[PDB]
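[1] everything below, folded, please.
(one chain, ligands or ions: 4)
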Amino acid sequence: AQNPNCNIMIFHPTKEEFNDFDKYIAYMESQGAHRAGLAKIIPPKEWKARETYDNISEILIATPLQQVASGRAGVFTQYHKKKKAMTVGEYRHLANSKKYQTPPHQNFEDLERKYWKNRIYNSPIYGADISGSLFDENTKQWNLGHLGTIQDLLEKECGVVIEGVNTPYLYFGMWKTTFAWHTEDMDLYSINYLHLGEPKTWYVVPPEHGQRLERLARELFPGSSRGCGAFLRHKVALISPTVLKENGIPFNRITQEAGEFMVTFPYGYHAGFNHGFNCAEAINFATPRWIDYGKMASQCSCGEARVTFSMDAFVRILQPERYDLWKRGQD
Ligand SMILES: O=C(O)CNC(=O)C(=O)O
Ligand SMILES: [Mg+2]
Ligand code: NI
Ligand SMILES: [Zn+2]
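    Numbering: from 1, shown residues only. Ligands and ions are numbered 1, 2, ... in the order given. Below you will find the coordinate block:
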């Protein structure tokens, strides 16, 4: 078995290997990359996502989210307080202000220490989940707006034609902005490209060990666990690496820099934080190997998780027994 310790793997495809996205995902899996839950892909030196980022300031962040924490430094939840709209140029100035800017630090490890020590005492503002793309239409390789759609994958594998669409999302971050522990909707893959700015640190649990993280989470968030049998789908809970180590939960960590792709694999729990002003783009995708994970994915039916239009068909076709209860949660 390849990669039996479930380490995060880093890949350096050539320009020729960068042509066929599905084939390269399958290659990475042949080398065991999925066992980690997360892989890094460094594009060939010849590739670029677009010519420049000099003209992005007028993009609108219609509903910036202030991420307010409750709990203790290593075990906390966050809620998202809606703020007034602002442009990307306005947000970048805010991120660089004395109130929100990255502190002086020695290296990524020192900054990680400062994040875990101090995150809860601040409420950074995140521009998340903004439909759109920064890939130039002429970029033909690994263009996250031109991937094969998950509806077309389900149709190819299973023969059933379904409604729904699959488009990318932009994320504009600042110091301490935080993504809580989660897997993707329907335990899909994700791919994330860091277009510009400061790094993003990731933490990930191997898919084969995801139930260990769930059991810890039920212990650490006991009221939430009673409210919903899949409360990590709410995307609000954080657990530090120190706490994970204290409880014997297998995980790994890596820092993504501008110009790099990360791929999350089905049922790979992940969480992380931004180091300073940045912009990422991400989208979900599927492969044939996903289908079995989609059929087994947990679902939130308490009403909190509320998701896209396109998840309806995935539940309806892959999980017909759960469909009625899940849909009640959506309404
Ligand atoms: O970048 C972020 O805030 C969160 N991204 C992801 O969880 C992802 O790409 O799967
Ligand atoms: Mg603009
Ligand atoms: Ni994710
Ligand atoms: Zn729920």
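
[2] so which strand or helix has the residue lying closest to residue 178 once chain neighbours are set aside?
    Nearest non-adjacent residue to residue 178, counting by Cβ to Cβ, 6 or more residues apart in numbering: residue 273, 5.0 Å away. In short, each C-beta sits where N, CA and C put it, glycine included. Per DSSP states H and E: residue 273 is located in strand 269-274.

[3] tell me which strands and helices that strand is in contact with?
    For strand 269-274, the packing partners by 3 or more Cβ pairs under 8 Å, 6 or more residues apart in numbering; DSSP states H and E come out as strand 178-182, strand 200-205.

[4] quick one on the thing from earlier: what bridges to the residue nearest to residue 178?
    Beta-bridge partners of residue 273, counted by DSSP bridges, are residue 178, residue 201.

[5] and the helices in the stretch 151-300 of the chain?
    Taking DSSP state H, counting those that start in this stretch as the criterion, the stretch 151-300 of the chain contains helices spanning 210-220, 222-227, 241-246, 290-296.

[6] try the stretch 1-150 of the chain
    Taking DSSP H, counting those that start in this stretch as the criterion, the stretch 1-150 of the chain carries its helices at 21-30, 88-95, 108-118, 150-158.

[7] so which of the ones you listed gets nearest residue 223?
    With Cβ to Cβ as the measure, helix 108-118 is the member of the helices of the stretch 1-150 of the chain nearest residue 223 (23.3 Å).

[8] show me what contacts the closest residue to residue 72 other than its chain neighbours?
    Excluding the flanking residues, the one nearest residue 72 by Cβ to Cβ, 6+ apart is residue 120, at 7.3 Å. Applying Cβ atoms under 8 Å, 6 or more residues apart in numbering to residue 120 gives the contacts 69, 70, 71, 72, 73, 76.

[9] so the second one touches residue 77, yeah?
    Yes: in terms of Cβ atoms under 8 Å, residue 70 counts as a neighbour of residue 77; the distance is 5.5 Å.

[10] which of the two has more neighbours?
    The residue with more neighbours, out of residue 70 and residue 77, is residue 77; 16 against 10, by other Cβ atoms under 10 Å.

[11] was I right to think the more buried one contacts residue 71?
    Yes: at 5.9 Å, residue 77 counts as touching residue 71 under the criterion of Cβ under 8 Å.

[12] tell me the residues of the stretch 151-300 of the chain that contact ligand 4?
    Within reach of ligand 4 by Cβ under 5 Å from the ion, the stretch 151-300 of the chain has these residues: 228, 300.

[13] could you find the closest non-adjacent residue to the closest residue to ligand 2 within the chain?
    Nearest residue of the chain to ligand 2: residue 58, at 3.2 Å (Cβ to the ion). In this structure, residue 58 finds its nearest non-sequential neighbour in residue 87, 5.7 Å apart by Cβ to Cβ, 6+ apart.

[14] neighbours around residue 133, how many?
    21.

[15] that one and residue 145 touch, don't they?
    Yes: between residue 133 and residue 145 there is a contact at 4.0 Å, judged by Cβ under 8 Å.

[16] now list whatever residues contact both of the two.
    By Cβ under 8 Å, 6+ apart, residue 133 and residue 145 have these common neighbours: 167, 168.

[17] show me the contacts for the residue nearest to residue 58.
    57, 58, 59, 60, 61.

[18] compare those residues and tell me which has the most neighbours.
    Neighbour counts for those, by other Cβ under 10 Å, peak at residue 61, which reaches 21 neighbours.

[19] what residues are bridge-paired with it?
    residue 86.

[20] where does residue 159 sit relative to residue 47, distance-wise?
    Residue 159 sits 35 Å away from residue 47, going by Cβ to Cβ, to the nearest Å.

[21] give me the more crowded residue out of the two.
    With neighbours defined as other Cβ under 10 Å, residue 159 and residue 47 compare such that residue 47 has more, 15 against 7.
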